[PDB]
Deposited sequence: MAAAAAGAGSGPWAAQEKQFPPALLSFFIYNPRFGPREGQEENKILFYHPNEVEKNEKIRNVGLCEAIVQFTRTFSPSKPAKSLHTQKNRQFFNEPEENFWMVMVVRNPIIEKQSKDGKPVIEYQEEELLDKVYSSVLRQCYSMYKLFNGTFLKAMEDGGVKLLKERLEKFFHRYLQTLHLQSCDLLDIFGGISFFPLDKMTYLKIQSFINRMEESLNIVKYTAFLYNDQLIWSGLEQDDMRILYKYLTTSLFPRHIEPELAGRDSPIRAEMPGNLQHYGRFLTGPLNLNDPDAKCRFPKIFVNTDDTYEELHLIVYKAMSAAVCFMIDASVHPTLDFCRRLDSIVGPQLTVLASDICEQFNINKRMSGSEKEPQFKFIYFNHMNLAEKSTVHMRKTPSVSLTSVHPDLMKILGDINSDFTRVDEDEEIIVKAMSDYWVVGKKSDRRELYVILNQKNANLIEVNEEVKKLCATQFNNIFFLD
């Protein structure tokens, strides 16, 4: 009876080597450190190890510092979201607890299971998740010093790291795309007309977004900001709550988000309204503070109109609705479009978990080339796994055709590409 221990978040810390230049103030480098109950000397030792790793890799490539450090027991992922500000995530290696001849628990560390891209993307997502709600590190610094920066870091990451689950992280976490909601042109035009009507009648509403069935439909924001906003809406905001029009966020306190950080650095109150699953997000300038009567005014104006629209999508979606032997993950980089027939709502994998490592390694080998590419593989578990990278689209197909040759696999892949991607 072997025991399997999945990867776990060993530690997470944000530091700045420029702080505390003189001896005895190394503790000032560590802006945030989790777990907090770890001893101070151990904290300084871990931060110093990461600084040493980056400074050593800078002797072979000054422009490109280290992104990862692999050890026997854990893997540590580095990121520098802002100059001199380093985040580090230490993730425990998977463990096999073998029963030896006289029991003798043997703790084997499976050092090759973890996919580096998954946790690197997770770390980048941690930074962007912080920056969506609290802005950049430098802005908080110029506002209120290292003290204010540390309070903001703690207040966000103490509650953010509780919701991080590194056992369920997979290729979809590398992708970081948006699961879009397919639609026809008439309903798209209706959505645009509705969004214009409400954002013009309400005046102060300066940004908008429309999602249905947890899937994004239309986005008035910027791509790299709407990405993180959609992650917040789907994986954090909706699950806590999972005419019929109802306020989902607000009453009057509205979360303050920061978008277009690289260009304009706009702070907006975030408002979310639900009719069925037709989520509408309004974003209002920070100068205007909404009142109880404004949302009451807002409720009346949106009200049945979203409810009328909501009852319209469900009928058309049901009307549009043999078994597809293909199970694929598709990612488009132009629009960050993401589709998946493998992962369902548990979201964790619905296939044999030994094939996700294959799917992650095909992705690992893909990015070394910026051209058309194709890798077709057959596992020892008689499963066919294909991957195609063409004109900034990535397709990963898995098929159960144990009695099939290469020609039949290619024919099935071509049929899928012609049908599901017409």
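Taken in order along the deposited sequence, the stretches absent from the coordinates are 1-15, 258-277, 287-295, 366-371, 397-400, 477-482.
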